[PDB]
Visitor: 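Handing you a structure now.
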Amino acid sequence: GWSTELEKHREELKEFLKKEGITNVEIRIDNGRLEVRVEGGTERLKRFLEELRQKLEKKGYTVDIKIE
């Protein structure tokens, strides 16, 4: 139940979060869907997530991002 492609993007997202010192983001991968939930974030996080969603939706992945 492991997605080679989504795991690559998970690693890139985690590396960005680590560089930024952001520790309040939850990530789930489920049957080809990427889910990201976070309570608020900076413009830097928001732009990264917008770009990630656009790149993956273009490939047909479902990307559910919620910034609460």
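Basis for what follows: all heavy atoms, side chains included, without hydrogens, waters or symmetry-related copies. Position 1 is the first residue of the sequence, and the numbers go up from there.
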Visitor: What distance separates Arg33 CZ from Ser3 OG, expressed to the nearest 0.5 Å?
Guide: 13.0 Å

Visitor: Are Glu50 and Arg47 within salt-bridge range, i.e. N to O under 4.0 Å?
Guide: no

Visitor: How far apart are the C-alpha atoms of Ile27 and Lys14, what are their side-chain angles, what is the distance that settles it, and do they pass the side-chain contact (heavy atoms from CB on, under 4.5 Å) test?
Guide: CA-CA 9 Å; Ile27 304 163; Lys14 290 282 282 183; 3.8 Å; yes

Visitor: Is atom NZ of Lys18 surrounded by more than 12 heavy atoms (other residues, nucleotides or ligands) closer than 6.0 Å?
Guide: no

Visitor: Do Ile29 and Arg10 touch side chain to side chain, with heavy atoms closer than 4.5 Å?
Guide: yes

Visitor: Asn24: what forms a side-chain contact (heavy atoms from CB on, under 4.5 Å) with it, not counting sequence neighbours?
Guide: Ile22, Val38

Visitor: State the CG-CG distance between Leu52 and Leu45, to the nearest 0.5 angstrom.
Guide: 10.5 Å

Visitor: Considering residues at least two apart in sequence or located in another chain, which fulfil the side-chain contact (heavy atoms from CB on, under 4.5 Å) criterion with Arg28?
Guide: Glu26, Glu35

Visitor: Side chains of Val25 and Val36: closer than 4.5 Å at any heavy-atom pair?
Guide: yes

Visitor: Could you grab the distance from atom CG of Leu34 to atom OH of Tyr61, nearest 0.5 Å is fine?
Guide: 10.5 Å

Visitor: Provide the closest heavy-atom pair for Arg44 versus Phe16 in the form atom of the first, atom of the second, distance.
Guide: O-CZ, 3.7 Å

Visitor: Check the pair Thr62, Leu56 against side-chain contact (heavy atoms from CB on, under 4.5 Å), reporting the backbone distance first and the verdict last.
Guide: CA-CA 8 Å; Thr62 299; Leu56 288 174; over 6 Å; no

Visitor: Where is the tightest heavy-atom contact between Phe48 and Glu12, given as atom of each residue plus distance?
Guide: CZ-O, 4.1 Å

